[PDB]
Number of protein chains: 2
Amino acid sequence: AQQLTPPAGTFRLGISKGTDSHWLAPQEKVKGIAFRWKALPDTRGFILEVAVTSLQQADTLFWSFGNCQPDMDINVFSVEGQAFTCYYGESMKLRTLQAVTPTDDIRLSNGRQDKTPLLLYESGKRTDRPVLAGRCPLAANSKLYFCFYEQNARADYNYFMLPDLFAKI
Amino acid sequence: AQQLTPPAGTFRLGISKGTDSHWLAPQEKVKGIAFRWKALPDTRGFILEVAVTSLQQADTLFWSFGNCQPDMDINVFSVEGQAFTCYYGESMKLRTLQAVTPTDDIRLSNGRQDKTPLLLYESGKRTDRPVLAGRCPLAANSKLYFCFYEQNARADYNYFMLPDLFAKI
């Protein structure tokens, strides 16, 4: 019901209708589109359900993900289809955020060219710290889903298992 | 017996005796120290066993690791104790290399300052693409281990499960 936030960074929602677009305000109402947010019980994170009934106000849904700390040493994204990974922090404290989106239409975009979703998506100006922008073409009587979560990086090998493993091979 | 290579990058071994140090040559023999390499049967990678018998030629073992492609967009390190992770490639094709070393004495050093292991380790010159360098103080009748391996990125959530999981919460 109430907007939930990712384990890190800023997840922003926008809508377009033809050549018109704008970023949605925190509790902004959209004609034909409803937003339900549910917290993840196991790991840190959430699922968002975009319930599309009508395309009267919006033809497309837009989203943008950015780790808005210009002081951080590391901030990189890995995109695999409709999913992405964000590595943020420093070498001595590297954190991982994982996310799953409705479409594979994800672009490394310039966060300073974000006046509207359509300007961010078609942004191409040179940037050392890009943000991610996504395009979700909408359909009536359909549901779209998002998932932002953290993964416990279970290392397959520890130093104390290595001497036995070396002798075993 | 024969030197093995990591799934990516270059793993270099060096030794020191007092204020004197040098990087070991591919089949360079060291008095009191033997190097046995074994391939990992499950995943892509290897284990190295540094068998120390005597400290007559060397009191300290040194090592370096770097991804030597300046053309490459991304190369970042995450160090957690005596273990590290390397994220290399581009956003659209990011790869992960994992490693286990004998000590937690790991530094983001400057590759250009690598004439000797002691110069690399104490390098303070600022660089955008550092190399990892570690110090392993040696002891007679002891064994040190290294492990370079790749981890199969099993994503905890997929878009197919999201509608059921949302309804389940």
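Residues numbered from 1 in each chain as written, not as in the entry; some residues may be left out. Chains lettered and ligands numbered in written order. Heavy atoms only, no water. Residues with missing side-chain atoms left out of burial classes, pairs and counts.

### Some thoughts on the interface of chain A and chain B
At step 1: At the interface, 43 residues of chain A touch 45 residues of chain B.
At step 2: Those elements that place two or more of their residues in the side of chain A that touches chain B are strand 3 (33–39), strand 4 (45–52), strand 6 (74–80), strand 8 (93–100), strand 9 (106–109), strand 11 (142–149) and helix 2 (162–168) of chain A.
At step 3: Of the residues forming the side of chain A that touches chain B, the biggest block, six residues, is contributed by strand 11 of chain A.
At step 4: For the side of chain A that touches chain B, the residue count by class is 29 nonpolar, seven polar and seven charged. (Contact = heavy atoms within 4.5 Å. Helix = DSSP H or I, 4+ residues; strand = E, 2+ residues; numbered from the N terminus. Nonpolar A, V, L, I, M, F, W, Y, C, P; charged D, E, K, R; others polar.)

### Here we look at the sheet that holds strand 4 (residues 45–52) of chain B
All names here are of chain B.
At step 1: On the basis of which strands lie adjacent, the open sheet formed by six strands has the order 3-4-11-8-7-6 and antiparallel pairing. Each end of this open sheet is capped by a strand with a single partner; those strands are strand 3 (33–39) and strand 6 (74–80). Taken over all neighbouring pairs, the strand axes of this sheet differ in orientation by 15 degrees on average, direction set aside.
At step 2: In the sheet, strand 6 pairs with strand 7 (residues 83–90) via seven bridges, with the strands oriented antiparallel. Note that in strand 7 the partner of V76 across the bridge is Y87. (Pairing = 2+ DSSP bridges. Axes fitted to C-alpha atoms, helices over the stretch in contact; angles between N-to-C directions.)

### A closer look at the sheet that holds strand 5 (residues 60–66) of chain A
All names here are of chain A.
At step 1: Spatial strand order, 2-1-5-10-9: five strands in an open sheet with antiparallel pairing. Where the open sheet ends on each side, the last strands, each with one partner, are strand 2 (20–23) and strand 9. When strand polarity is set aside, the average angle formed by the axes of neighbouring strands in this sheet is 25 degrees.
At step 2: As paired elements, strand 1 (residues 10–17) and strand 2 share four bridges and run antiparallel to each other. Along strand 2, the bridge assignment pairs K17 with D20.

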